[PDB]
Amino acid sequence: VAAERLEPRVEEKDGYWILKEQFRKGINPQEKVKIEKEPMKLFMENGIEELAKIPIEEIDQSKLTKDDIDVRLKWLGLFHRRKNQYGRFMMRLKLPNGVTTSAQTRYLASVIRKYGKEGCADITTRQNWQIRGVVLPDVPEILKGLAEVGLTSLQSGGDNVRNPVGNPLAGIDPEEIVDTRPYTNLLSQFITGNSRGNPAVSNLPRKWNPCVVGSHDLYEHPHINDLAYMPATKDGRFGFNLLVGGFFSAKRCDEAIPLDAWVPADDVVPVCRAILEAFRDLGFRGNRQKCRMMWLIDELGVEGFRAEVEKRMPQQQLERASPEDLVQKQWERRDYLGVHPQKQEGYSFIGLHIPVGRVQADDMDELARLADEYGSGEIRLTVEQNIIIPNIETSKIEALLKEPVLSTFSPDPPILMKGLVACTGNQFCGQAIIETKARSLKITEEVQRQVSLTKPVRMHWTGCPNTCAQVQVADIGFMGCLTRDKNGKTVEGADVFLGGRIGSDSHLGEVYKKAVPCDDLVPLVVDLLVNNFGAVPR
C-alpha cells in the first residue's frame, strides 16, 4: 500500500467533518447527500424546527428536503417509513447496555399512545428501543421530551456508531467478568457528544457497531461487531483485547478478527476514537456494499490498519494483545428468562419473554409499573428482544409471579419462544420481502404444539438479506424471499439457514434450503428439530 493511500480524506470545516475536494470523485449517492448538507445541522443548528413546519407533500417536491427526511434525519434517529407507512417515522434511541427506567418507558409509551393504530414499539437486536407513528411536526417536542427523561436518539441510524451493546446482567450477575455499564455509557456519551452531537464521528463511510464484553456467555455477540472489547489482563493490569471488523450484509458476512491490540480499561474511549478516526479518514466511499470497516482492513491489511489506529492514540502507543483473555471457553450460555438470584444477597432479577419484541403503549406502562412496584424502576432490554427487571427483593417473587401481565410476558414460555428473534419485516420496513413478526409467532406456536425438546434451539427470522435479525447466528434461520407454490403462484417464502453458533465457539450459518413457501415451513422445521436437535414428537 502506497503512502498516498494513507492521506486523510476528510477535513474539519466549520465544526463538521467533510470530504476533501480531491476525494469527491466516484462517491455513492449518500456521500453526495452529506456534502450537499451536513446531517448534524438538523440537530446542532436546530434545522429540524423549520423543516418540521413544511407539509410532507411539499417536502417531497425538492431534493434537499426529501433527502432531509429520507436520509439526514437518521442522524437524529428518525426513519421515514416511506413505502409502508408514508409520512410517519420510526424513532430509535441510544440506550447503552440496554438499560432503561420506568420514567423513560412511560414517556415512550405516551408518545406512541398519541398515534393510535399507527403507534407501537419494539425491542431491537441491539437491546434498544424503537417507537413508531411519529409525525414530523411532533419531532421538536419529542426531542425535548426525550432530553427531559435522560434519553437521546442521536446518531442511531445512517453512517453512524450504533447502539453500544453490553452484558444484560451487568452489575447483577454473580458470574460476571466486568460490569460493562460504565464502558458502554462512556462510549455512548463519546459518540453523541454528551447528547449535543459529535460531528467528529458522524461522517463515517458506513454504519459501525460496537460492544463491550462482560460475560463468559458472550451475550454481547463480539464476533459480529465492528469493535468488540474482550476483557483481559496484561502484565498484571485489567483491560481489553480488541476485535475488529465483524459485520453482516446482503453480499458478505464476516466475523471480527484480532487487531492484535490490548488497552487498559481507562483507554476504552481513546481507542474507540482512534479506530473511528482511521475509518473516517481512510475508508472507501464508493459502492455502498464495500464501505463497512472490514473492507478497509482487507485493503490495508490488519497490520496496516493497526498502524493507523496506533498513530491516532495518545502518545501514539498501542500495546499488543494479551495472549489470553478472561473469557472462559468452558461455558454453557445461561438462560436469563425466569427468576435468578443476583450477586446482591436477598435480591433477584426476572427475565420476561416479549413475544417477537413487540409492545403497545399499555404493555409498556404495565412493565414500568412492575419495575417500580417490584424492582428499582429499571428495565433492561436484551438482544433476543426480551426484558429483564433487576433488583427485586426475593421475598416479593411469589406475589410477582401472580401478576396477570406475566401470562402475556412470561418468565417461563415454551423453549422455542425463549430463543425466537424476528426483525421488523414488511409491516413497517420498506426493504422487507415478507411479513416476519406475526408469521414467526404463528409458525413457532404450531411447531411447538407438535414437538417437545430440551435443547434451547434459537430461531431467527429476518425479512430481507440485510439480516438485521442475524440469521447467520441462528440454529435455524429464516430469510425472507418470494417463491412459488405448486401452481406457480407467487407466495412468501424463506431461505432456511443452519449452522450458526454463538458464545466462544462461534460460527456463521449458511443457506441449507432455498425458497421454501412459508406455508410449508412447519413440517420442515418439525423434522429438522427431531432429526438434528433431539426433539420428540408429542
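Residue positions are given as counts along the sequence shown, with the first one as 1.
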*Can you let me know which of the two, 342-350 or 154-162, has the higher average C-alpha B-factor in the entry?*
342-350
_Mean temperature factor over C-alpha atoms, higher-scoring stretch between 524-532 and 10-18_ = 10-18
*Among 330, 184, 241, 128 - the residue whose C-alpha B-factor is largest in the record*: 330
*asked:* Per the entry's Cα B factor values, which of 492, 475, 485, 495 stands out as the maximum?
replied: 485
_Quick check on the deposited entry: does the C-alpha B-factor of residue 449 sit in the lowest, middle or highest third of its chain?_
highest
*Among the chain's modelled residues, which third holds the C-alpha B-factor of residue 395?*
highest
*Comparing residue 479 with the other modelled residues of its chain, is its CA B-factor in the lowest, middle or highest third?*
lowest
*Name the third of the chain's ranked CA B-factors that contains residue 414, choosing lowest, middle or highest.*
middle
_Looking at the temperature factor on the CA atom of residue 430, which third of the chain's modelled residues does it land in?_
middle
